[PDB]
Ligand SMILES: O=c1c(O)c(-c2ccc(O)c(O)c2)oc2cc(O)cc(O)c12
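A single chain comes next, written as structure tokens; it is the form solved without the named molecule.
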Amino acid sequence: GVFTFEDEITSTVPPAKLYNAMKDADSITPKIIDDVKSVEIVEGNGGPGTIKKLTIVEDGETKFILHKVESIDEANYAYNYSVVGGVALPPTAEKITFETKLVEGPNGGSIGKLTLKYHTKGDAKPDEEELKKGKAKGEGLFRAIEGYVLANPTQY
């Protein structure tokens, strides 16, 4: 089964810029996140369908996460990707998607929804903590991306 959660948020950065930064996740993430060290394309051209491998060190031990790029709606400032392998997936959970949608803000800010789709195996329901870890993680990347942009205004 699949279980969906939606969270709403705002940013001072206009959505067009956040979106650009969002598309450049491979580049930025290793810089902003201490534990992320690299992102490599395994197969695909960076578009939807692409499979990526993230290398991390956590508590000094190297680990791998596997991502799939789900869709892109540039006109709509939407960037979606799923965690398809690695540390975030318990056996009941087959995948976890993170979707980010941005809309025009009142103050030349961005209005955005973070959607988490938790796909479990069979009738299993999501673990409470995994869900909590996943929400924090989604929100975390968004903030990190926002931070990079504030730090560097003209890059995007």
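Only residues modelled in both forms are compared. Numbers for residues come from their place in the sequence shown, where the first is 1. Under this definition, the rigid core comprises the largest set of C-alpha atoms superposing within 1.5 Å between the forms.
The form deposited with the named molecule bound exists for this protein as well; it is not shown, and the discussion that follows is about that form.
Chemist: Residue-level contact is defined here as any heavy atom of the residue lying within 4.5 Å of the named molecule in the bound PDB entry; does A16 satisfy this criterion?
Modeler: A16: no contact with the named molecule in the bound PDB entry.
Chemist: I'd like to check something about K113: if you look in the bound PDB entry, is any of its heavy atoms closer than or equal to 4.5 Å to a heavy atom of the named molecule?
Modeler: Judged by the heavy-atom cut-off of 4.5 Å, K113 is in contact with the named molecule in the bound PDB entry.
Chemist: Would you classify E58 as touching the named molecule in the bound PDB entry, given a 4.5 Å non-hydrogen atom cut-off?
Modeler: Judged by the heavy-atom cut-off of 4.5 Å, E58 is in contact with the named molecule in the bound PDB entry.
Chemist: If we define contact as a non-hydrogen atom of the residue within 4.5 angstroms of the partner, is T120 a contact of the named molecule in the bound PDB entry?
Modeler: Flag for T120 set to no.
Chemist: What parts move between the shown form and the other one when you lay the two on the core: runs of 3+ residues, each CA off by 2 Å or more?
Modeler: 122-125, 133-140 are the stretches that move between the shown form and the other one.
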